[PDB]
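Contents: one structure, followed by commentary.
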Amino acid sequence: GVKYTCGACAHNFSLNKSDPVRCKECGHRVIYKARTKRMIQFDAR
Amino acid sequence: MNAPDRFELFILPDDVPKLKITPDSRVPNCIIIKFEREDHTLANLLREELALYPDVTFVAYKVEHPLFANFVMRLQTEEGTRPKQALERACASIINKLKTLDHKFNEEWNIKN
Amino acid sequence: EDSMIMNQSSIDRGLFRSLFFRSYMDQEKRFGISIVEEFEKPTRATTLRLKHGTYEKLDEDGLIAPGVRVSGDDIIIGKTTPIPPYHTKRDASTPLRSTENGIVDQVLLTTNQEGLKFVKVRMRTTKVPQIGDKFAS
Amino acid sequence: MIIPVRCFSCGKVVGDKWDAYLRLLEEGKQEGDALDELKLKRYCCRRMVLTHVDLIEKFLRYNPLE
Amino acid sequence: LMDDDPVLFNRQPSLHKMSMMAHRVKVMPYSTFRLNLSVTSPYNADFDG
Amino acid sequence: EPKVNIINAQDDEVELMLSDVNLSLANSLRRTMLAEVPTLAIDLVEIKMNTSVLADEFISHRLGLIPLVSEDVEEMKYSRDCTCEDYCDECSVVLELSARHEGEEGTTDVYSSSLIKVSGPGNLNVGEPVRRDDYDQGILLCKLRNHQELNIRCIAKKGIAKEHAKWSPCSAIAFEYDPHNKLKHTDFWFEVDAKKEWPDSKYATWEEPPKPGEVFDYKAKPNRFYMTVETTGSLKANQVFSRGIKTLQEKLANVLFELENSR
RNA sequence: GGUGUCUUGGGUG
Ligand SMILES: [Mg+2]
Ligand SMILES: [Zn+2]
Ligand SMILES: [Zn+2]
Ligand SMILES: [Zn+2]
């Protein structure tokens with residue numbers, strides 16, 4: 001679905017709204033979403 | 001959030017003329033010129049060029065507000081001369097002076113090389 | 001009278017330029033046994049009293065992703081509150097502040113002391129000096 | 001944070017001189033002599049390099065989170 | 001709001017009747033008000049915040 | 001009647017004395033070279049992956065401030081005067097930056113030399129970041145640690161320094177006249193004596209100091225101007241001077257055109 | 001189409 005990342009072991013994964021909020025590799029408590037896929041433009045000013 | 005665009009200083013819109021001439025009726029044979037999208041760079045050059053002609057009696061310019069990119073210029077001439085004609089004469093004279101300056105700079109730079 | 005002229009070119013080259021970070025927080029409450037709020041993108045059919053901002057930026061989890069430009073009044077955390085005894089939900093969405101622009105930086109997601117879902121969304125922006133900013137020696 | 005590309009006041013490029021400045025300070029040259037050798041003559045350009053605090057070294061110490 | 005509209009302009013505290021005066025509007029960029037500098041005495045105002 | 005006397009001439013700077021011209025002309029030339037000579041600079045940045053500690057617009061500001069070779073920029077079109085709905089190959093130059101640190105020790109520095117020109121209106125000699133030498137590393141842009149990555153596609157466009165300082169071909173145009181204050185345009189503040197307390201101009205030996213018996217002259221105007229143009233490598237000093245002159249010529253020609261065609 | 005209340009502390013004029 002949507003990509004996440006661990007806060008402790010930097011593991012990338014994806015959860016589907018029914019698992020608890022947790023990391024797979026270590027089991028850490030806080031996770032961060034991944035950067036979007038769209039392309040972002042800046043004015044360089 | 002209220003900052004205008006930095007290209008409105010120099011890019012002339014299509015509904016805005018570059019130059020607009022109105023006459024000053026108070027004194028004879030005088031005109032008021034508003035230059036849009038210009039600043040002191042052209043104004044001071046033209047003013048000090050026109051100030052050295054014998055037939056130009058009054059010449060001045062001002063930039064009423066620094067946050068708006070225009071200036072207004074008052075130019076008077078003698079009876080026979082028309083201020084417009086003096087303005088083309090001044091423009092042509094400065095063009096010739098800049099061309100001569102460029103030629104001499106290029107020659108000097110080549111010898112210096 | 002304590003005004004001061006500043007070089008526009010120096011501003012353009014980065015003089016007195018600063019980053020700004022604002023973080024919004026939100027969580028799900030428990031009003032009973034199985035009555036709780038949920039982070040989810042709220043569909044119009046099942047929800048009522050929806051905010052006037054746009055919801056088209058939320059992922060399937062009711063959260064926006066880092067890297068997305070956000071304007072004022074835009075929703076950055078979608079949340080629904082169930083209606084006590086379809087169309088059985090009220091919204092508890094968190095909009096962006098009506099004044100601030102910016103770009104989402106770091107959307108954190110964890111659980112609180114009691115195991116309910118917890119979200120922090122940090123926005124980022126850059127403020128360039130202009131007329132009316134205050135400086136001192 | 002990181003050395004500015006231009007001098008704020010006049011716009012000379014000072015961003016390509018930070019490494020040479022550090023190497024000059026390593027070999028014993030005092031700050032005025034190092035700034036002289038890099039041909040920074042206006043005191044605006046000189047204070048660009050003399051007052052820089054390089055904080056990116058401190059920011060880089062926190063582990064990449066991915 | 002347009003140029004030359006009369007608007008009441010005011011600084012607190014309003015210690016006397018000349019702390020609230022009527023001005024003609026001129027629309028300008030930026031988010032700061034503009035005052036001619038000779039009227040800063042009746043308002044007791046300056047430009048440091 | 002105008003005359004030029006070059007005193008020093010290298011690639012980045014030219015020091016010259018200008019004579020038999022009005023002060024308004026010299027100041028207009030200084031202003032034009034500082035503000036109205038077009039160059040090329042990165043005006044649009046596209047971030048693919050930026051996992052560095054620096055923010056996206058921080059890096060974008062730095063990239064916009066990188067000098068680029070602009071020798072042929074006058075044969076290019078302003079991105080507001082092209083029929084293309086989006087910048088086409090002819091009114092923009094596209095650059096790439098890819099950087100990545102592999103390994104678990106050391107720091108990888110991202111320099112302006114790592115920018116790679118991919119497209120652009122060939123075979124025009126625009127776009128390349130300016131290198132001092134063959135071995136120049138360029139400007140410091142960012143620093144990278146383990147697994148940190150930078151993948152950027154920059155767009156470069158034609159502009160002038162009025163719009164933004166990053167389009168300025170010049171850093172500082174030193175400019176002075178009348179080293180001995182013969183015209184009395186200044187009036188020196190002093191404590192004991194104004195001649196001892198004020199340093200001499202670096203062009204004092206180019207003009208005769210006033211004699212004590214001399215009286216003030218009310219016919220003399222400023223006639224000799226000593227100015228030192230410096231560049232950022234984007235343009236050469238002679239190129240900056242000549243294109244400033246040409247830009248002034250074309251502004252005057254625009255005025256002349258409007259006057260004649262308003263009749 | 002409808003964006004809640006009160007105190008504590010730190011500042012600006
Ligand atoms: Mg005050
Ligand atoms: Zn983990
Ligand atoms: Zn400088
Ligand atoms: Zn095009």
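Identifiers in this document derive from the order of the structure tokens: chains are assigned A, B, ..., residues are numbered from 1 separately in each chain, and ligands are numbered from 1 in order of occurrence.
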
List all protein, DNA and RNA residues that have an atom no more than 12 Å from any atom of ligand 4, counting only C-alpha atoms (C1' of nucleotides) and all ligand atoms, and report them as a ChimeraX atom specification. /F:76-93,120-121,156-158

In region 7-61 of chain C, DSSP alpha helix (DSSP H) residues written as a list in words: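 In region 7-61 of chain C, DSSP puts these residues in alpha helix (DSSP H): residues 8, 9, 10, 11 and 12 of chain C.
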
Deliver the residues from the most recent selection as a file, using C-alpha atoms, as an mmCIF file, in the first residue's frame.
```cif
data_model
loop_
_atom_site.group_PDB
_atom_site.id
_atom_site.type_symbol
_atom_site.label_atom_id
_atom_site.label_comp_id
_atom_site.auth_asym_id
_atom_site.auth_seq_id
_atom_site.Cartn_x
_atom_site.Cartn_y
_atom_site.Cartn_z
ATOM 1 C CA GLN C 8 18.213 43.409 -1.973
ATOM 2 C CA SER C 9 21.134 41.633 -3.625
ATOM 3 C CA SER C 10 22.462 40.474 -0.248
ATOM 4 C CA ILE C 11 18.978 39.173 0.553
ATOM 5 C CA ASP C 12 19.044 37.378 -2.788
#
```

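Of note, CA of residue 21 (chain C) and CA of residue 58 (chain F) are spaced 13.9 Å apart.
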
What does the list of residues within 7 Å of ligand 3 look like if you count only C-alpha atoms (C1' of nucleotides) and all ligand atoms, written as an NGL selection string? :D and (7-12 or 42-45)

Can I get the selection written as a compact mmCIF listing (two decimals), in the first residue's frame, with N, CA, C and O atoms?
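Generated output (again_7.txt):
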```txt
# COMPACT_ATOMS: atom_id res chain seq x y z
N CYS D 7 29.81 36.05 -1.80
CA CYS D 7 29.89 37.06 -0.76
C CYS D 7 28.58 37.83 -0.73
O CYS D 7 28.08 38.26 -1.77
N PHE D 8 28.02 38.00 0.46
CA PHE D 8 26.74 38.69 0.59
C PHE D 8 26.81 40.09 0.00
O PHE D 8 25.94 40.50 -0.78
N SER D 9 27.83 40.86 0.38
CA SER D 9 27.86 42.28 0.05
C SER D 9 28.05 42.51 -1.45
O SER D 9 27.30 43.27 -2.06
N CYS D 10 29.07 41.88 -2.04
CA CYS D 10 29.39 42.17 -3.43
C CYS D 10 29.13 41.02 -4.39
O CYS D 10 28.86 41.28 -5.57
N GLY D 11 29.16 39.78 -3.95
CA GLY D 11 28.84 38.67 -4.82
C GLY D 11 30.02 37.88 -5.36
O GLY D 11 29.81 37.01 -6.20
N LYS D 12 31.23 38.17 -4.91
CA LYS D 12 32.37 37.35 -5.29
C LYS D 12 32.14 35.91 -4.83
O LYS D 12 31.50 35.66 -3.81
N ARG D 42 38.74 42.77 -0.56
CA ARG D 42 37.75 43.59 0.10
C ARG D 42 37.36 42.94 1.42
O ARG D 42 37.17 41.72 1.49
N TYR D 43 37.25 43.74 2.48
CA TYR D 43 37.01 43.18 3.80
C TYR D 43 35.66 42.48 3.91
O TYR D 43 35.47 41.66 4.81
N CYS D 44 34.72 42.77 3.01
CA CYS D 44 33.48 41.99 2.96
C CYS D 44 33.77 40.54 2.60
O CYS D 44 33.33 39.61 3.28
N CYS D 45 34.52 40.33 1.52
CA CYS D 45 34.90 38.97 1.14
C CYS D 45 35.71 38.31 2.24
O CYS D 45 35.57 37.11 2.49
```

Residue hits in chain E, query chain B, radius 10 Å, only C-alpha atoms, as a PyMOL selection string: chain E and resi 28-32

Could I get the residue neighbourhood of ligand 2 at 12 Å, counting only C-alpha atoms (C1' of nucleotides) and all ligand atoms, as JSON, numbers by chain? {"A": [4, 5, 6, 7, 8, 9, 10, 11, 12, 13, 21, 22, 23, 24, 25, 26, 27, 28, 29, 30, 31, 32], "D": [65, 66]}

Skip residue 18 (chain E) itself and residues of its chain fewer than 6 positions away, then list as a count of residues only all residues within 9 Å of it, counting only C-alpha atoms (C1' of nucleotides). 3
